[PDB]
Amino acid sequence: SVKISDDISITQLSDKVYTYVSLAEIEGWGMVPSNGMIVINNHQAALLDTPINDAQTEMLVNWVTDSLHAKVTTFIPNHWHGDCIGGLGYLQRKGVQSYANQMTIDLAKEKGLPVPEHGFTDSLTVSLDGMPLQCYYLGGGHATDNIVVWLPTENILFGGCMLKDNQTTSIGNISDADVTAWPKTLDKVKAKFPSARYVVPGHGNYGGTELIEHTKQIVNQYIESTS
């Protein structure tokens, strides 16, 4: 890792992919690490999720420019929560183009939040100067609109919050979750990206495809015992 600041560190996964961790103290939850990705191709960058606010977003974007020598032109949020679009306000003024699940866009509009401008209902390939970022909506999970982003040339999947890290033992915040569709969505995620070398969750350390089974055990054990 490389600590760019007091609350943000970055890890390179591949020559074009970096994963960041942004830390924020949130009342009722504590010190929460929120993860995103930085994808770079030919001096252009895509941000997958923003840190919780514009301030941390602006610091992260300034680092990509100055230390990674790329300009952020594209953004995709995993779902409508703050650890995904908390800093979208800052990117929109800057002219960054955003793509997201039409369900995320409808939720943001309803709630008074910044709204991504390009929507998709099932899948969409976004090109970062030829490098493909493949966005899929495979069903509900941690949030009803949560998506995944597959980077076929790198074999990296950003699973987002529908996946729990290996140190996590609880289902967590399920106030916008579709608990009954969650296990099914994970099974579709498992069948569709068997070759992922790295799988990055919404919070916690990245890992490999075991994070999918690990999450499925947590969701299923909870469904079994609360039922």
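Numbers follow the displayed sequence, beginning with 1.
Peer 1: Per the PDB record, is the mean Cα temperature factor higher over 20-28 or over 202-210?
Peer 2: Going by the record's values, the stretch with the higher mean is 20-28.
Peer 1: Tell me which stretch, 157-165 or 60-68, has the higher mean Cα B-factor listed in the entry.
Peer 2: Result: 60-68.
Peer 1: Highest recorded C-alpha temperature factor, please, choosing from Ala55, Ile171, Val179, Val39.
Peer 2: Of the candidates given, the C-alpha B-factor peaks at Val179.
Peer 1: What third of its chain, lowest, middle or highest, does the C-alpha temperature factor of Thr73 fall into?
Peer 2: Middle third by C-alpha B-factor.
Peer 1: Could you tell me which third, lowest, middle or highest, the C-alpha B-factor of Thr121 occupies within its chain?
Peer 2: Top third by C-alpha B-factor.
Peer 1: Which third, lowest, middle or highest, does the CA B-factor of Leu138 fall in along this chain?
Peer 2: Middle third - that is where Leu138 ends up once the chain's C-alpha B-factors are sorted.
Peer 1: Grab the CA temperature factor for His79 from the record and place it in the lowest, middle or highest third of its chain.
Peer 2: It falls in the bottom third of the chain.
Peer 1: Should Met103 be placed in the lowest, middle or highest third of its chain by the C-alpha B factor in the entry?
Peer 2: Its C-alpha B-factor, which the entry lists for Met103, ranks in the lowest third among residues of this chain.
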